[PDB]
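Visitor: Below is the structure I would like to discuss, written out as structure tokens.
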Amino acid sequence: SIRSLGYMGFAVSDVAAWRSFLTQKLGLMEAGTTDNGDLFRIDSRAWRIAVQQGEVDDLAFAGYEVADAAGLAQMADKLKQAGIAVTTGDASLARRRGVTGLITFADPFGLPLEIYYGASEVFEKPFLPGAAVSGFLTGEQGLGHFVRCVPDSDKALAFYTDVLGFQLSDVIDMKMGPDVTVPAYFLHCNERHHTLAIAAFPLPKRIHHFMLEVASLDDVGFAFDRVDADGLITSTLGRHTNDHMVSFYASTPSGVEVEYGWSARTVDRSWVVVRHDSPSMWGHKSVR
Amino acid sequence: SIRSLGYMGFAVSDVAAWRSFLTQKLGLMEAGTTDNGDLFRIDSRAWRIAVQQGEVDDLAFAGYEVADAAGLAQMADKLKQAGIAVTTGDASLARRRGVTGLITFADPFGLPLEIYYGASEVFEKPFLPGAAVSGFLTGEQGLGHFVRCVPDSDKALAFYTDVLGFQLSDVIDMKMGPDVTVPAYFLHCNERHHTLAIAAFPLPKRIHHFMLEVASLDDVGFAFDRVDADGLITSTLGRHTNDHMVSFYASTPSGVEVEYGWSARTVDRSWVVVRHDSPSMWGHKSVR
Amino acid sequence: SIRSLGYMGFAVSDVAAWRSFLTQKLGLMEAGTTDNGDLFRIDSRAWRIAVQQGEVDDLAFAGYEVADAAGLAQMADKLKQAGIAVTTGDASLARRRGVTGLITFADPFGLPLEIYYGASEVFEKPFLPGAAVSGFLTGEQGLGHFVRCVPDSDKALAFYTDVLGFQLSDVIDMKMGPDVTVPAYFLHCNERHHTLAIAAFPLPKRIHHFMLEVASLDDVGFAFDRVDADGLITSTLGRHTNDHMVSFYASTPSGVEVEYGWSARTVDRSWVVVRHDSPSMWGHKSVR
Amino acid sequence: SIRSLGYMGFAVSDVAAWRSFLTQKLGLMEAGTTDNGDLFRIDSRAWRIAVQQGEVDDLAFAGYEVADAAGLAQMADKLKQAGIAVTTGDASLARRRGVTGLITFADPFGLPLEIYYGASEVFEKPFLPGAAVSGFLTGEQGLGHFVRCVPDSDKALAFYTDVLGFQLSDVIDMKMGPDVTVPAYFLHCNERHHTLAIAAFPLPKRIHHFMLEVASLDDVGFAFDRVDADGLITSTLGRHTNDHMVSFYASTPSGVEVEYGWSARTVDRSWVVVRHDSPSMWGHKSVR
Amino acid sequence: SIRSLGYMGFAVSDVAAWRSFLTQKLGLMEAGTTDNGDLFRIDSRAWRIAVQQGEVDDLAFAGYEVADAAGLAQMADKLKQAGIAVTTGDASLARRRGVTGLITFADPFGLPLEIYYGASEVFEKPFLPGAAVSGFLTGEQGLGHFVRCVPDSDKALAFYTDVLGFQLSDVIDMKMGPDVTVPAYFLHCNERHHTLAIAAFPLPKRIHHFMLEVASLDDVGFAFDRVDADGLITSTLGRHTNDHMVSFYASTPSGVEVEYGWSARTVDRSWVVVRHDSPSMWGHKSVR
Amino acid sequence: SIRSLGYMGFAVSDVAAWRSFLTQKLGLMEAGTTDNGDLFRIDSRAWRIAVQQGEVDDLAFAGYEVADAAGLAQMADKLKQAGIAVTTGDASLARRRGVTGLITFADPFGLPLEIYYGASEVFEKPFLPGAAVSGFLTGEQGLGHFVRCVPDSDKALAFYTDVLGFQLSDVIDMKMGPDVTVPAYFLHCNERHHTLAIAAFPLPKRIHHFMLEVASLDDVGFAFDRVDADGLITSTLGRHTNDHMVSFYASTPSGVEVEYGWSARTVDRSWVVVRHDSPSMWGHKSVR
Amino acid sequence: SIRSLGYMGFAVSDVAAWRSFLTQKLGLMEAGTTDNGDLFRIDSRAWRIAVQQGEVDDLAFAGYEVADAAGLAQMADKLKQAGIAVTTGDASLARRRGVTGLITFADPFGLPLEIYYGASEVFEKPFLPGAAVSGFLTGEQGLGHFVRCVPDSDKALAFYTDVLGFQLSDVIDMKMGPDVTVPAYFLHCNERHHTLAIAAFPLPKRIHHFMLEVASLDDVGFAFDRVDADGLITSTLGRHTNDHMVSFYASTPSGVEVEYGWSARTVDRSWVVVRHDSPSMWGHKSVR
Ligand SMILES: [Fe+2]
Ligand SMILES: [Fe+2]
Ligand SMILES: [Fe+2]
Ligand SMILES: [Fe+2]
Ligand SMILES: [Fe+2]
Ligand SMILES: [Fe+2]
Ligand SMILES: [Fe+2]
Ligand SMILES: [Fe+2]
Ligand SMILES: [Fe+2]
Ligand SMILES: [Fe+2]
Ligand SMILES: [Fe+2]
Ligand SMILES: [Fe+2]
Ligand SMILES: [Fe+2]
Ligand SMILES: [Fe+2]
């Protein structure tokens with residue numbers, strides 16, 4: 001059973017731009033370069049984000065974490081029974097990722113996905129942010145979340161809930177013009193309101209944005225100014241209606257956006273599915 | 001599995017009287033008028049109470065909330081297996097209610113009931129009460145409760161516990177004269193002591209009263225004076241023996257009573273069924 | 001320096017009525033009869049209220065407590081310097097009161113007052129209320145408070161603040177008819193909002209009422225019913241604007257009223273004098 | 001000794017614009033119209049802000065609160081000894097202000113000031129905001145603060161600290177162009193970081209802005225959108241370096257600005273005077 | 001100004017009996033033998049109790065602690081001004097006591113007293129009790145207390161309060177037979193209810209008992225059994241009326257009694273002098 | 001189901017050296033000598049560590065605790081079904097161990113193991129440490145942990161997880177020279193991070209070390225000095241990467257090492273298996 | 001009145017060595033270079049430590065902070081009245097230090113001292129440590145402390161307590177060989193146990209060491225390893241007897257030592273002067 005989103009990899013045209021953006025603007029810690037690419041940390045894990053040179057300028061792969069080898073076995077079985085082509089990652093791939101075991105496959109629309117267990121901790125190399133950030137919120141909530149853009153929401157929903165086991169949190173009916181309303185589905189696999197959201201948005205990328213959550217309002221405020229100085233803000237500060245996250249959005253060097261937030265609410269056992277007609281309570285004025 | 005009482009609809013002869021009563025006396029928020037009727041809010045939900053023009057001057061329908069589509073499916077199945085005529089609400093009804101999916105049916109004595117999932121939240125339109133009220137208690141406890149008057153308690157009990165899944169909290173043996181003692185059954189479907197009570201009282205209405213719970217004693221005290229000014233109090237302040245709610249009762253424009261209270265105790269896993277011979281510890285002097 | 005109101009004595013025409021009223025209706029503990037009269041307790045002190053046979057049917061004397069012999073000396077000095085006739089209570093009076101030392105004198109309008117130190121504690125005879133009362137609030141706040149009716153508020157104010165050292169909390173402009181508005185002054189000598197209030201009300205008694213404070217809302221609710229059963233309620237439950245006490249008023253056998261309340265706010269160092277135009281936020285409907 | 005800023009009065013050309021702005025945009029409560037003008041509330045006090053028709057379109061007077069009559073006497077004495085012309089407000093003025101006693105005078109540069117005691121509380125008329133605002137922070141910190149623009153900071157400083165008793169919190173060296181740096185002095189008279197700030201800014205008004213503090217971040221976020229809808233924002237959200245208040249600034253109908261904030265830090269006994277070179281840690285981007 | 005009782009010395013006929021009694025029965029830590037005698041610890045101080053060979057079999061001296069050299073100077077001055085013969089302890093005595101400076105003198109009835117400052121801490125030799133005791137309560141409350149038996153209470157009271165600065169906590173009128181009632185005065189010099197008590201009891205010793213306070217009820221219960229095994233209990237478990245200490249009394253090898261207790265209440269600024277007619281609420285049955 | 005490690009027995013060549021080491025250096029309580037050997041306590045249990053004369057100078061047996069007789073039955077069954085030779089301990093062995101029932105068997109490499117239920121508590125003989133130790137952490141976490149050295153980790157892992165039911169916490173890849181990397185597996189059976197660790201280290205003993213956990217940092221610091229005085233430290237203070245325990249290692253008289261630590265983190269339900277490349281975050285410098 | 005130690009300046013032969021040592025080993029933040037020298041931060045202040053090129057390789061000056069201009073005036077007066085040559089720092093010096101006002105002078109043995117008020121805060125440039133350090137403890141406790149080596153302790157003591165106003169915390173009798181015992185005096189000017197210590201040690205430097213306090217044990221543990229890697233440790237981890245600080249000592253490039261600690265206890269109003277015979281409870285083994 002998937003416990004959380006553990007890592008993400010980006011294939012970009014300008015690795016140097018990404019390195020500077022992640023460390024200097026967002027405050028991630030540069031963790032060295034390997035055959036896995038330029039590695040970045042936000043907590044005790046050896047790496048959470050990998051940046052590789054590539055033409056797509058987009059998310060290259062995402063890794064979901066299971067608790068142990070038994071969990072990995074369960075997921076592999078579930079995928080096989082669904083008719084999904086799964087490959088047991090070889091020792092070489094596992095070593096490149098710094099994990100104990102992993103299986104690879106793709107979502108219905110081609111995004112490479114990996115499910116693994118036994119990632120590497122580096123408590124002996126204490127996290128030191130590249131910019132003044134009090135801390136990132138990970139732990140049992142994992143890395144954060146991303147919005148997967150798809151041509152068919154229903155097919156995507158079936159795969160992610162029925163095969164991968166994500167549960168629906170809520171739905172937001174996104175009004176994109178008079179004749180267009182697109183539902184965005186927010187899914188969770190742990191306490192974090194959503195680890196994955198699915199929407200049929202007409203975008204050139206695999207994801208609309210990925211999100212990192214910090215520990216204090218000041219972390220967000222300071223980062224906003226750092227990013228704004230280079231004219232990269234896409235949405236002003238605001239609070240979402242569903243996860244109640246206070247955040248701003250900015251453009252990464254690949255055009256993909258990043259959401260930097262704080263104070264999101266979590267999902268509990270008493271949670272009930274609801275719907276919203278707006279994605280924000282206040283703020284989030286588009287400056288794109 | 002029913003999680004809570006989510007909404008109620010009243011069909012009344014004087015809509016204007018009801019609008020003024022709910023907002024000015026009780027402090028609910030006017031949420032506009034639609035084909036669902038005059039809508040009123042007490043929290044983040046788009047509406048909790050609907051008032052429509054009608055001859056009965058009584059509760060027209062009540063909606064019970066399930067967590068998701070799977071829960072809706074379970075309830076529909078349970079009702080069918082019991083031989084209850086259930087209708088899957090059409091898109092038109094779902095849109096009128098602002099819900100994602102719903103099924104309709106009636107209790108053994110004709111009260112229209114609806115079970116739904118995915119109601120609408122409006123966090124972007126912050127709740128502002130029509131009178132000075134610090135807040136209403138809803139959340140996982142839902143809207144509040146109401147007492148269903150029935151000609152046969154046993155038949156009602158079987159339907160609500162065996163088919164709808166409510167659990168018994170306790171029973172109060174209501175002494176109505178020397179030769180008449182009527183048991184009132186209090187049922188819960190969540191932490192709230194009771195979301196539904198059943199009693200064979202000789203009343204012209206479907207319910208004896210509905211109850212709204214507020215956040216502080218002052219909310220109750222101030223509302224009492226507002227209502228008393230118009231001579232609408234039916235019972236003085238008092239505390240119930242079973243749910244320990246401190247409340248007063250007042251008459252709505254339809255003759256149906258409303259209970260306005262604070263500080264009720266909740267039901268836990270260690271709860272045991274008990275019986276009482278009085279409905280109140282103190283107060284609740286009838287001024288009818 | 002006066003620390004609190006320590007005890008009160010009533011001279012009544014019907015001692016038996018008072019005994020039954022204090023124990024059975026209010027829940028005080030009968031503490032025996034001595035040459036000090038019928039004694040009643042509300043806490044660890046040997047007695048707080050004394051009832052003696054007398055014609056006035058009113059408050060006979062009140063005792064204010066100082067911390068020690070030095071404090072007693074200071075007050076005696078302050079009174080003498082003001083030209084007040086003070087008498088050092090003799091051993092006989094001190095023994096009758098159960099105190100270590102005391103001085104006696106009268107307020108400008110004839111109320112016998114006593115200032116003493118070293119009252120008797122009886123921890124070995126644990127307090128057991130005469131009715132179900134969770135507890136009375138005394139401690140550093142003392143016995144409670146009473147409203148002294150006077151023919152001239154200014155003369156009374158000068159004596160109580162300038163000579164006795166009470167400090168003003170606030171003032172309420174009591175509208176008693178179109179052509180009559182009487183200011184009521186509320187004074188404190190410790191954390192309790194007011195230990196004494198002064199008003200020029202046209203009453204046949206020395207005090208409008210005395211107040212006892214209990215530990216929970218239920219103590220008040222249950223007592224209300226006990227008193228109401230005998231038709232002795234004079235004001236329904238309500239909350240005051242100044243001390244925020246939730247209370248009801250009832251008539252004692254002497255016609256003097258008693259206020260029975262809970263949850264009053266205290267005065268701190270940041271306190272500032274204010275004025276009010278109403279004595280109650282809600283409730284306190286006169287049923288006299 | 002001045003305890004806090006208690007009330008403010010504005011003399012404006014468009015009273016209707018102000019009424020709508022204060023209630024609908026900021027969420028203040030309309031408290032009626034008297035010979036004191038249109039009254040607005042933010043807490044239990046009968047009024048905190050008065051709006052009168054006038055030509056100046058600016059702050060007309062400010063009232064500082066003392067604890068009692070003795071405090072009023074002390075301040076009057078202090079002012080007289082300093083050679084300031086003080087007038088004991090007559091009963092008529094006191095009644096218009098709803099206070100017990102007050103003295104009037106002006107600061108060195110003509111701003112009418114009033115020091116009073118015994119303002120009116122209206123707990124019986126519970127505060128109900130004109131817009132969704134969880135609450136305003138007042139209490140011992142008073143109304144909020146305002147920045148007094150003066151032609152000579154040193155003369156202003158001497159008057160406010162030496163005569164009125166305000167204490168310096170800190171100083172910010174405001175860089176207004178290459179050849180101009182103006183120090184802004186922040187003063188406190190209670191826990192609130194500053195109740196008054198003084199700066200020699202070249203402005204047509206007596207004050208740069210006045211500030212109201214709310215209870216939650218959402219209060220600020222929602223108000224920002226309400227104000228932004230009418231294009232009245234002058235500074236984006238940001239946090240100050242000295243009081244650590246998270247706020248935005250907006251233009252009132254008189255051109256005077258209002259700061260609406262949350263989460264300011266307070267001053268304690270361990271406080272030490274410091275200096276800053278920037279007024280904001282992040283945000284507060286001028287959109288004027 | 002005296003801060004607390006810091007140490008005590010006993011001159012006994014059987015040093016070995018005392019050593020075994022203090023360590024094995026009471027749980028004190030043996031701290032070695034010096035020219036100061038056999039030393040015992042209960043906390044971080046180098047010693048709190050000294051046992052020397054002597055004929056009196058009683059308390060030989062007691063040391064009161066001041067905060068510093070200035071405090072020592074003040075006390076010496078106060079004693080001289082009172083006509084008390086004070087001797088500045090010489091380096092030899094200071095070294096024997098392990099203190100920085102001290103003055104010696106005697107109470108009106110011959111008990112040698114010492115006031116000192118700068119005692120020795122031995123944090124490097126962690127306290128290890130001689131029996132299972134969770135801990136002793138000392139800190140700002142000092143060593144504990146003792147009851148000084150005197151032939152004239154008034155003379156003793158004057159010396160201890162007027163010269164040494166102790167303050168009265170309360171008085172207990174000890175009924176010793178029909179024709180004899182002796183007042184016991186309890187005095188404090190810090191938070192501990194009493195550090196010294198004075199009574200004119202007809203005893204052959206300088207003190208009735210000394211008291212040590214432990215951290216838990218079990219410490220008392222276990223010690224009771226250890227002492228009871230040797231038939232040394234003089235009073236069963238009980239709770240005092242004034243300090244609310246739960247304790248038992250036992251006989252030391254010198255006939256002087258020791259009180260071993262737990263959970264005493266402290267004295268605060270709001271404390272007022274009171275009187276009691278019994279020394280115990282419950283228990284303390286004499287088995288002498 | 002195994003609840004914890006309950007006791008351990010050592011067979012040593014120098015019993016006297018062990019007695020002095022455990023009590024004087026580590027602070028364990030000497031609990032007498034029986035046919036079970038020299039017994040030592042760390043909490044309420046009659047004994048936790050037994051020292052017997054023997055040639056191996058190593059761990060002789062370890063006892064795992066189940067909750068009751070049903071649990072014992074389950075484990076016996078599980079072992080039998082796995083083909084392990086289990087012997088139901090006879091009354092004589094049970095009496096020697098002070099347990100109610102037990103079964104004996106051996107791990108795949110010859111270590112005698114015992115699973116038992118109903119050990120003896122001795123609350124009537126309160127724990128008193130042999131050295132200044134505030135306390136040991138046991139309770140639901142049991143005695144502590146030990147590292148089992150084995151020739152084949154996989155065979156050991158299968159036995160301990162599949163048969164005994166331990167769960168994997170994490171793995172540390174121990175770099176022992178350029179051509180040697182040995183994985184150490186850490187297993188838990190309760191909240192304690194690990195009760196057992198398995199590694200194929202080339203050591204002459206059955207275990208690398210056993211660990212005792214104390215309540216405060218000072219307990220560790222003081223013990224370090226006691227042990228260092230005799231030159232027995234093998235690793236300086238440091239903190240582990242996996243359990244986050246702050247500890248030092250020392251040599252026992254048998255050559256087997258003991259780890260003495262504080263502040264380890266526990267394992268919860270959200271725990272996920274991870275891997276590390278270093279066993280320590282800081283410190284733990286080998287001084288062997 | 002001196003509130004705390006605010007800043008320190010070092011005049012060193014190798015500025016580059018110091019820069020690398022402070023940032024990489026200790027984790028201070030490099031704050032730029034000015035005419036005040038290389039500046040380093042540990043909190044919101046613009047700088048706390050300045051490093052200048054110089055021959056002495058020692059502490060060049062220390063700055064003590066007063067609350068405001070009045071405090072500065074008081075200290076200047078106190079120094080003048082004592083016959084100390086004080087110089088009012090000129091605008092140039094104040095600007096170089098980044099303070100509002102300051103006075104300069106020297107201690108009896110030539111150490112340049114400065115007392116100032118109104119230092120610069122830089123909240124807009126959030127602190128980012130040069131190494132992984134969770135945080136430094138400053139606030140009302142100031143920078144930390146240093147031990148001033150003097151040829152005559154009594155003369156130094158008189159100056160620091162009688163003129164500068166420091167208060168004695170405690171004394172440690174340092175045994176430096178059989179025929180030498182030197183008392184070290186620890187003084188405080190706020191809650192920090194000691195801001196200054198004085199001892200007549202035979203050292204070539206003005207101070208034995210300066211101390212920085214961090215927020216967690218790990219900060220100390222990690223720094224220890226960083227420093228140990230270069231062989232700069234002078235004392236192993238240990239805890240002091242007087243301030244209870246857990247720390248290690250290391251050599252700076254100037255030979256002066258630095259103490260890096262955590263968890264020191266503070267001084268309160270109940271504090272009493274004591275003496276110790278050892279400076280450490282455990283650890284602090286000299287490896288010099
Ligand atoms: Fe879920
Ligand atoms: Fe997002
Ligand atoms: Fe239930
Ligand atoms: Fe009800
Ligand atoms: Fe007061
Ligand atoms: Fe009253
Ligand atoms: Fe101040
Ligand atoms: Fe402001
Ligand atoms: Fe006292
Ligand atoms: Fe005692
Ligand atoms: Fe587990
Ligand atoms: Fe270990
Ligand atoms: Fe001090
Ligand atoms: Fe130090």
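Every chain in the structure tokens takes a letter, A first, then B, and so on in the order presented; its residues are numbered from 1, and the ligands are numbered from 1 following the presented order.
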Find the residues near ligand 3. Use a cut-off of 8 Å, count only C-alpha atoms and all ligand atoms, and write them as a PyMOL selection string.
Guide: chain B and resi 167-169+188-190+267-269+271
Visitor: Please produce an output containing N, CA, C and O atoms for each residue in the selection, written as a PDB file, in the first residue's frame.
Guide:
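Listing of selection_10.pdb after writing:
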```pdb
ATOM      1  N   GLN B 167     -27.765   3.886  15.946  1.00  0.00           N
ATOM      2  CA  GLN B 167     -27.572   3.087  17.148  1.00  0.00           C
ATOM      3  C   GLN B 167     -28.287   3.771  18.295  1.00  0.00           C
ATOM      4  O   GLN B 167     -28.284   4.996  18.378  1.00  0.00           O
ATOM      5  N   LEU B 168     -28.839   2.992  19.218  1.00  0.00           N
ATOM      6  CA  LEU B 168     -29.536   3.568  20.365  1.00  0.00           C
ATOM      7  C   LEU B 168     -28.574   4.180  21.388  1.00  0.00           C
ATOM      8  O   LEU B 168     -27.542   3.601  21.710  1.00  0.00           O
ATOM      9  N   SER B 169     -28.899   5.380  21.857  1.00  0.00           N
ATOM     10  CA  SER B 169     -28.103   6.049  22.877  1.00  0.00           C
ATOM     11  C   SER B 169     -28.778   5.742  24.210  1.00  0.00           C
ATOM     12  O   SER B 169     -28.169   5.156  25.102  1.00  0.00           O
ATOM     13  N   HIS B 188     -28.009   7.691  17.649  1.00  0.00           N
ATOM     14  CA  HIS B 188     -26.854   8.400  17.129  1.00  0.00           C
ATOM     15  C   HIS B 188     -26.280   7.675  15.928  1.00  0.00           C
ATOM     16  O   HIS B 188     -26.527   6.484  15.728  1.00  0.00           O
ATOM     17  N   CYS B 189     -25.542   8.412  15.111  1.00  0.00           N
ATOM     18  CA  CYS B 189     -24.888   7.849  13.953  1.00  0.00           C
ATOM     19  C   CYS B 189     -23.456   8.399  13.919  1.00  0.00           C
ATOM     20  O   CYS B 189     -22.716   8.175  12.969  1.00  0.00           O
ATOM     21  N   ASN B 190     -23.081   9.129  14.961  1.00  0.00           N
ATOM     22  CA  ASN B 190     -21.748   9.703  15.084  1.00  0.00           C
ATOM     23  C   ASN B 190     -21.609  10.110  16.551  1.00  0.00           C
ATOM     24  O   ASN B 190     -22.369   9.608  17.388  1.00  0.00           O
ATOM     25  N   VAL B 267     -21.135  10.928  22.550  1.00  0.00           N
ATOM     26  CA  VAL B 267     -21.161   9.497  22.780  1.00  0.00           C
ATOM     27  C   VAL B 267     -19.816   8.939  22.330  1.00  0.00           C
ATOM     28  O   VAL B 267     -19.261   9.383  21.326  1.00  0.00           O
ATOM     29  N   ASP B 268     -19.253   8.035  23.119  1.00  0.00           N
ATOM     30  CA  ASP B 268     -17.980   7.408  22.778  1.00  0.00           C
ATOM     31  C   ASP B 268     -18.147   5.884  22.652  1.00  0.00           C
ATOM     32  O   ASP B 268     -19.265   5.353  22.682  1.00  0.00           O
ATOM     33  N   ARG B 269     -17.033   5.180  22.496  1.00  0.00           N
ATOM     34  CA  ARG B 269     -17.066   3.729  22.345  1.00  0.00           C
ATOM     35  C   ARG B 269     -17.432   3.041  23.648  1.00  0.00           C
ATOM     36  O   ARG B 269     -17.973   1.938  23.645  1.00  0.00           O
ATOM     37  N   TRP B 271     -19.703   3.997  25.586  1.00  0.00           N
ATOM     38  CA  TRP B 271     -21.109   4.276  25.857  1.00  0.00           C
ATOM     39  C   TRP B 271     -21.961   3.031  26.098  1.00  0.00           C
ATOM     40  O   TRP B 271     -21.777   2.001  25.436  1.00  0.00           O
TER      41      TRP B 271
END
```
Visitor: Skipping near chain neighbours, those fewer than 4 positions away, what residues fall within 9 Å of residue 119 of chain D using only C-alpha atoms, listed as a list in words?
Guide: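 These residues fall inside the cut-off: residues 273, 274, 275 and 276 of chain C; 6, 45, 46, 65, 97, 98, 99, 100 and 101 of chain D.
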Visitor: Any chance you could export the current selection's N, CA, C and O atoms as a compact mmCIF listing (two decimals), in the first residue's frame?
Guide:
```
# COMPACT_ATOMS: atom_id res chain seq x y z
N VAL C 273 -11.61 51.82 34.61
CA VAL C 273 -12.98 52.16 34.97
C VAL C 273 -13.80 52.42 33.69
O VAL C 273 -13.32 53.08 32.77
N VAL C 274 -15.01 51.88 33.63
CA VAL C 274 -15.89 52.09 32.49
C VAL C 274 -17.30 52.34 33.02
O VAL C 274 -17.53 52.26 34.22
N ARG C 275 -18.22 52.67 32.13
CA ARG C 275 -19.61 52.89 32.50
C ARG C 275 -20.52 52.06 31.61
O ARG C 275 -20.15 51.70 30.48
N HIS C 276 -21.69 51.72 32.13
CA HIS C 276 -22.65 50.92 31.39
C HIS C 276 -23.99 51.59 31.55
O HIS C 276 -24.20 52.31 32.52
N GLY D 6 -7.79 55.12 22.75
CA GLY D 6 -9.16 54.65 22.91
C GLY D 6 -10.12 54.89 21.77
O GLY D 6 -10.94 54.02 21.47
N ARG D 45 -16.90 48.34 23.35
CA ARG D 45 -17.08 49.78 23.55
C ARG D 45 -18.20 50.30 22.66
O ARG D 45 -18.40 49.80 21.55
N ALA D 46 -18.92 51.29 23.16
CA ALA D 46 -20.03 51.90 22.42
C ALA D 46 -19.61 52.41 21.03
O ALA D 46 -20.43 52.46 20.11
N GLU D 65 -6.86 56.95 26.59
CA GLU D 65 -7.54 56.49 27.78
C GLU D 65 -6.68 56.32 29.02
O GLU D 65 -5.60 55.73 28.94
N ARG D 97 -19.13 62.21 23.78
CA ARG D 97 -18.12 61.16 23.64
C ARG D 97 -18.51 59.86 24.35
O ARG D 97 -17.93 58.81 24.09
N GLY D 98 -19.45 59.95 25.28
CA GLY D 98 -19.87 58.78 26.03
C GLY D 98 -18.85 58.42 27.10
O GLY D 98 -18.72 57.25 27.47
N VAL D 99 -18.13 59.42 27.61
CA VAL D 99 -17.11 59.16 28.62
C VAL D 99 -17.49 59.80 29.95
O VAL D 99 -18.43 60.60 30.02
N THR D 100 -16.76 59.46 31.01
CA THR D 100 -17.05 60.00 32.33
C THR D 100 -16.40 61.35 32.59
O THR D 100 -17.00 62.23 33.20
N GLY D 101 -15.17 61.51 32.10
CA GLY D 101 -14.47 62.77 32.26
C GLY D 101 -13.40 62.87 31.20
O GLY D 101 -12.88 61.84 30.77
```
Visitor: Could I get the residue neighbourhood of ligand 12 at 8 Å, counting only C-alpha atoms and all ligand atoms, as a PyMOL selection string?
Guide: chain F and resi 145-147+209-211+259
Visitor: So that I have them on file, write out the residues from the current selection with N, CA and C atoms, as a short mmCIF file (atom, residue, chain, number, x, y, z; two decimals), in the first residue's frame.
Guide:
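Final file, result_11.cif:
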```cif
data_model
loop_
_atom_site.label_atom_id
_atom_site.label_comp_id
_atom_site.auth_asym_id
_atom_site.auth_seq_id
_atom_site.Cartn_x
_atom_site.Cartn_y
_atom_site.Cartn_z
N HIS F 145 18.20 -3.98 24.18
CA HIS F 145 18.46 -4.74 22.96
C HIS F 145 19.87 -5.34 22.94
N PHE F 146 20.10 -6.24 22.00
CA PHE F 146 21.43 -6.81 21.81
C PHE F 146 21.60 -7.15 20.35
N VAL F 147 22.86 -7.16 19.92
CA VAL F 147 23.21 -7.44 18.54
C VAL F 147 23.76 -8.86 18.48
N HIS F 209 27.04 -6.49 21.48
CA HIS F 209 26.76 -5.73 22.70
C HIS F 209 25.32 -5.88 23.09
N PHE F 210 25.03 -5.49 24.32
CA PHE F 210 23.67 -5.44 24.83
C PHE F 210 23.55 -3.98 25.26
N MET F 211 22.33 -3.48 25.31
CA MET F 211 22.13 -2.08 25.62
C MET F 211 21.13 -1.87 26.74
N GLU F 259 26.28 -1.08 25.77
CA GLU F 259 25.97 0.24 25.28
C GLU F 259 25.07 0.83 26.35
#
```
Visitor: Any idea what the distance is between atom CA of residue 115 of chain F and atom CA of residue 52 of chain F?
Guide: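 Atom-to-atom, atom CA of residue 115 of chain F to atom CA of residue 52 of chain F, that is 19.7 Å.
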Visitor: Around ligand 14, at most 12 Å away and counting only C-alpha atoms and all ligand atoms, which residues are there? Put them as a ChimeraX atom specification, please.
Guide: /G:144-148,184-187,192-198,207-213,235,238-250,257-262,264,279-280,284
